[PDB]
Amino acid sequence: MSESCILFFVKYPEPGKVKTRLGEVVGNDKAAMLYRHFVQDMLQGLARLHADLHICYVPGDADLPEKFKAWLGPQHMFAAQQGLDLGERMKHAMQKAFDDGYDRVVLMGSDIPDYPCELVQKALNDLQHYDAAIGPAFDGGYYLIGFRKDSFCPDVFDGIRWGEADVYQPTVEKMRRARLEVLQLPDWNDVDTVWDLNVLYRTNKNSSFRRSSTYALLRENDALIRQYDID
(Lines of atoms letter the chains of each structure in order from A and count residues from 1; the text may use other names and numbers.)
(Lines give C-alpha, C1' and ligand atoms only; values in the text may rest on other atoms or scores of the structure.)
Protein backbone atom coordinates (compact mmCIF):
# COMPACT_ATOMS: atom_id res chain seq x y z
CA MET A 1 0.00 0.00 0.00
CA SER A 2 0.89 3.60 -0.66
CA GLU A 3 1.89 6.06 2.13
CA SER A 4 -0.96 8.25 0.88
CA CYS A 5 -4.66 7.67 0.59
CA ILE A 6 -7.46 9.59 -1.19
CA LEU A 7 -10.95 9.24 0.25
CA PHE A 8 -13.45 10.10 -2.46
CA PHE A 9 -16.99 10.83 -1.25
CA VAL A 10 -19.75 9.93 -3.70
CA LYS A 11 -23.43 8.95 -3.91
CA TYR A 12 -24.91 6.42 -6.36
CA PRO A 13 -26.30 8.66 -9.21
CA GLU A 14 -29.95 7.58 -9.07
CA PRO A 15 -32.46 10.04 -10.58
CA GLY A 16 -34.21 11.98 -7.86
CA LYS A 17 -31.59 11.08 -5.25
CA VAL A 18 -28.79 13.36 -6.46
CA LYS A 19 -28.55 16.97 -7.72
CA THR A 20 -32.23 17.63 -7.18
CA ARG A 21 -31.81 21.41 -7.23
CA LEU A 22 -30.13 21.15 -10.69
CA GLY A 23 -32.93 18.65 -11.61
CA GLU A 24 -35.66 21.28 -10.94
CA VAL A 25 -34.37 22.99 -14.07
CA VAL A 26 -32.82 20.35 -16.33
CA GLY A 27 -34.81 17.32 -15.17
CA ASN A 28 -33.89 14.69 -12.59
CA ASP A 29 -32.60 12.16 -15.14
CA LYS A 30 -30.22 14.67 -16.76
CA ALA A 31 -29.05 16.06 -13.37
CA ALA A 32 -28.18 12.50 -12.32
CA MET A 33 -26.45 11.73 -15.67
CA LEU A 34 -24.33 14.87 -15.27
CA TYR A 35 -23.34 13.88 -11.72
CA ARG A 36 -22.59 10.32 -12.94
CA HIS A 37 -20.12 11.85 -15.37
CA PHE A 38 -18.64 14.21 -12.73
CA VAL A 39 -17.71 11.10 -10.77
CA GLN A 40 -16.36 9.11 -13.71
CA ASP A 41 -14.23 11.96 -14.88
CA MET A 42 -12.77 12.71 -11.43
CA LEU A 43 -12.03 8.98 -10.88
CA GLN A 44 -10.11 8.79 -14.12
CA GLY A 45 -7.95 11.67 -12.90
CA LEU A 46 -7.56 10.40 -9.29
CA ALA A 47 -6.94 6.72 -10.24
CA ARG A 48 -3.75 7.88 -11.90
CA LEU A 49 -2.15 9.58 -8.80
CA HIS A 50 0.62 8.48 -6.32
CA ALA A 51 -1.90 7.43 -3.73
CA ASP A 52 -4.36 4.63 -3.00
CA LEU A 53 -8.00 5.50 -3.59
CA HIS A 54 -11.01 4.56 -1.47
CA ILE A 55 -14.39 5.31 -2.90
CA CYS A 56 -16.70 6.10 0.03
CA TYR A 57 -20.40 6.08 -0.77
CA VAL A 58 -23.45 7.45 0.90
CA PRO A 59 -25.14 4.52 2.62
CA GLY A 60 -28.31 3.09 1.22
CA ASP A 61 -29.91 -0.10 -0.10
CA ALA A 62 -28.21 -3.51 0.25
CA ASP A 63 -27.65 -3.64 -3.53
CA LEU A 64 -25.13 -0.81 -3.60
CA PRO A 65 -21.85 -2.77 -3.48
CA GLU A 66 -22.44 -4.60 -6.77
CA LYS A 67 -24.11 -1.48 -8.25
CA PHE A 68 -20.87 0.40 -7.61
CA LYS A 69 -18.71 -2.40 -9.06
CA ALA A 70 -20.91 -2.57 -12.18
CA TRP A 71 -20.66 1.20 -12.62
CA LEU A 72 -17.04 2.15 -11.77
CA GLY A 73 -15.44 -1.31 -12.02
CA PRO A 74 -14.71 -4.27 -9.82
CA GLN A 75 -11.02 -3.42 -9.33
CA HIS A 76 -11.65 -0.34 -7.14
CA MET A 77 -11.95 -0.22 -3.38
CA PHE A 78 -15.43 0.77 -2.23
CA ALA A 79 -16.74 1.33 1.32
CA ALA A 80 -20.00 2.67 2.72
CA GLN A 81 -19.73 5.93 4.56
CA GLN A 82 -20.72 5.40 8.17
CA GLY A 83 -21.99 7.86 10.70
CA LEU A 84 -25.00 9.93 11.70
CA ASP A 85 -24.00 13.08 9.83
CA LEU A 86 -21.37 14.26 7.30
CA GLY A 87 -18.92 15.08 10.06
CA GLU A 88 -19.17 11.60 11.63
CA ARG A 89 -18.89 10.04 8.14
CA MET A 90 -15.70 12.00 7.40
CA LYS A 91 -14.16 11.40 10.82
CA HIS A 92 -14.81 7.66 10.54
CA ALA A 93 -13.40 7.35 7.00
CA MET A 94 -10.21 9.26 7.86
CA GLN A 95 -9.80 7.46 11.18
CA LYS A 96 -10.10 4.15 9.36
CA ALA A 97 -7.50 5.11 6.77
CA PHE A 98 -5.03 6.06 9.48
CA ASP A 99 -5.82 2.82 11.33
CA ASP A 100 -5.06 1.03 8.07
CA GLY A 101 -1.59 2.55 8.27
CA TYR A 102 -1.64 5.52 5.84
CA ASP A 103 0.66 8.42 6.67
CA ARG A 104 -1.19 11.07 4.73
CA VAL A 105 -4.84 11.18 3.85
CA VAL A 106 -7.00 13.58 1.87
CA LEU A 107 -10.79 13.43 1.75
CA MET A 108 -12.67 15.17 -1.03
CA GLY A 109 -16.10 15.44 -2.52
CA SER A 110 -17.42 14.74 -5.97
CA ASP A 111 -19.08 18.06 -6.94
CA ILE A 112 -15.95 19.61 -8.50
CA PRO A 113 -15.52 17.77 -11.79
CA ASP A 114 -13.02 20.18 -13.30
CA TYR A 115 -10.67 20.15 -10.34
CA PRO A 116 -7.14 19.54 -11.55
CA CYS A 117 -5.77 16.26 -10.24
CA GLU A 118 -2.31 17.78 -9.90
CA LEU A 119 -3.67 19.95 -7.06
CA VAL A 120 -4.66 16.79 -5.17
CA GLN A 121 -1.13 15.54 -5.73
CA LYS A 122 0.19 18.91 -4.60
CA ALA A 123 -1.90 18.67 -1.42
CA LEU A 124 -0.52 15.21 -0.67
CA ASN A 125 3.00 16.40 -1.34
CA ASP A 126 2.52 19.46 0.92
CA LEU A 127 1.15 17.30 3.79
CA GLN A 128 4.67 16.10 4.28
CA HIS A 129 5.34 19.54 5.70
CA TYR A 130 2.04 20.72 7.08
CA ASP A 131 -0.24 19.23 9.72
CA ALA A 132 -3.42 19.76 7.68
CA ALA A 133 -4.80 20.88 4.36
CA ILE A 134 -8.19 22.40 3.45
CA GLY A 135 -9.80 23.60 0.25
CA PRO A 136 -12.40 26.36 0.60
CA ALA A 137 -15.57 26.11 -1.45
CA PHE A 138 -17.46 29.22 -2.69
CA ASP A 139 -20.54 27.99 -0.75
CA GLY A 140 -18.95 28.40 2.69
CA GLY A 141 -17.77 24.88 3.34
CA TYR A 142 -14.79 22.92 2.03
CA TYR A 143 -14.28 20.58 -0.90
CA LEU A 144 -11.15 18.93 0.53
CA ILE A 145 -9.68 18.23 3.98
CA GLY A 146 -6.42 16.39 4.76
CA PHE A 147 -4.15 15.43 7.60
CA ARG A 148 -0.87 13.71 8.27
CA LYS A 149 -1.36 10.79 10.73
CA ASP A 150 0.49 12.19 13.72
CA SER A 151 -1.48 15.45 13.44
CA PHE A 152 -4.95 14.04 12.91
CA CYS A 153 -7.48 16.07 14.85
CA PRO A 154 -10.86 14.29 14.67
CA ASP A 155 -12.34 16.98 16.91
CA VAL A 156 -12.46 19.30 13.84
CA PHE A 157 -15.52 17.30 12.75
CA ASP A 158 -17.26 17.71 16.09
CA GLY A 159 -19.84 20.30 16.88
CA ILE A 160 -20.16 21.57 13.34
CA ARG A 161 -23.67 22.62 12.35
CA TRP A 162 -23.86 20.50 9.17
CA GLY A 163 -26.19 22.17 6.66
CA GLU A 164 -27.11 24.97 9.15
CA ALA A 165 -24.16 27.31 8.48
CA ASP A 166 -20.84 28.00 6.68
CA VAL A 167 -18.50 25.35 8.14
CA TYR A 168 -15.12 26.40 6.79
CA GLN A 169 -14.31 29.21 9.26
CA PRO A 170 -15.34 27.29 12.37
CA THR A 171 -13.21 24.44 10.99
CA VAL A 172 -10.12 26.55 10.36
CA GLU A 173 -10.78 28.03 13.80
CA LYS A 174 -10.75 24.55 15.46
CA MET A 175 -7.51 23.83 13.56
CA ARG A 176 -5.92 27.04 14.82
CA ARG A 177 -7.04 26.26 18.37
CA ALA A 178 -5.35 22.82 17.85
CA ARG A 179 -2.11 24.59 16.96
CA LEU A 180 -2.09 23.05 13.49
CA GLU A 181 -0.10 24.43 10.56
CA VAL A 182 -2.59 24.42 7.75
CA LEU A 183 -2.15 24.51 3.99
CA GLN A 184 -4.91 26.37 2.23
CA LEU A 185 -5.68 25.17 -1.29
CA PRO A 186 -7.32 27.39 -3.90
CA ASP A 187 -10.97 28.34 -3.62
CA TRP A 188 -13.21 26.22 -5.89
CA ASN A 189 -16.93 26.04 -6.84
CA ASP A 190 -19.07 23.01 -6.16
CA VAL A 191 -21.53 22.49 -8.99
CA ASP A 192 -25.00 22.45 -7.35
CA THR A 193 -27.34 24.69 -9.39
CA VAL A 194 -27.98 25.36 -13.07
CA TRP A 195 -26.12 28.65 -12.57
CA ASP A 196 -23.05 26.78 -11.31
CA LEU A 197 -23.37 24.42 -14.33
CA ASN A 198 -23.50 27.41 -16.70
CA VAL A 199 -20.26 28.81 -15.20
CA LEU A 200 -18.62 25.36 -15.29
CA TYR A 201 -19.47 25.21 -19.01
CA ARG A 202 -18.53 28.69 -20.05
CA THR A 203 -15.22 28.99 -18.17
CA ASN A 204 -13.77 25.62 -19.27
CA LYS A 205 -13.79 26.34 -22.96
CA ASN A 206 -10.09 26.06 -23.77
CA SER A 207 -8.97 24.10 -20.63
CA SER A 208 -8.33 20.32 -20.44
CA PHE A 209 -11.77 19.79 -18.87
CA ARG A 210 -12.98 20.44 -22.45
CA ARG A 211 -11.95 16.84 -23.32
CA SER A 212 -13.98 15.29 -20.50
CA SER A 213 -17.14 13.19 -20.83
CA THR A 214 -18.85 15.74 -18.59
CA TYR A 215 -17.96 18.59 -20.96
CA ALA A 216 -19.18 16.52 -23.94
CA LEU A 217 -22.55 16.31 -22.17
CA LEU A 218 -22.59 20.04 -21.53
CA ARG A 219 -21.87 20.76 -25.21
CA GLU A 220 -24.82 18.52 -26.18
CA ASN A 221 -26.89 20.59 -23.78
CA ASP A 222 -25.61 23.91 -25.14
CA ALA A 223 -29.03 25.30 -26.06
CA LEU A 224 -30.37 24.48 -22.59
CA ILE A 225 -27.38 25.67 -20.51
CA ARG A 226 -27.04 28.99 -22.34
CA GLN A 227 -30.59 29.94 -21.26
CA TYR A 228 -29.16 30.30 -17.71
CA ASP A 229 -26.26 32.64 -18.37
CA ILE A 230 -25.04 34.63 -15.43
CA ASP A 231 -22.86 37.72 -15.94
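Residue numbers here begin at 1 and follow the sequence given.
Which wins on mean Cα temperature factor, 138-146 or 155-163?
According to the PDB entry, the answer is 155-163.
Would 180-188 or 59-67 have the larger average of its C-alpha temperature factors, as given in the entry?
The recorded data point to 180-188.
So if I compare the CA B-factors in the entry for 124, 84, 108, 80, which one is the largest?
Going by the entry's C-alpha B-factors, 84 comes out highest.
Using the entry's values, work out which of 39, 197, 31, 175 has the largest Cα B factor.
That would be 175, according to the entry.
Comparing residue 100 with the other modelled residues of its chain, is its CA B-factor in the lowest, middle or highest third?
Residue 100: CA B-factor falls in the highest third of its chain.
C-alpha B factor of residue 210, ranked within the chain: lowest, middle or highest third?
It falls in the top third of the chain.
Ranked by Cα temperature factor within the chain, is residue 202 in the lowest third, the middle third or the highest third?
Its C-alpha B-factor, which the entry lists for residue 202, ranks in the middle third among residues of this chain.
Taking the entry's C-alpha B-factors for this chain, is residue 2 in the lowest, middle or highest third?
Its C-alpha B-factor belongs to the highest third of this chain's values.
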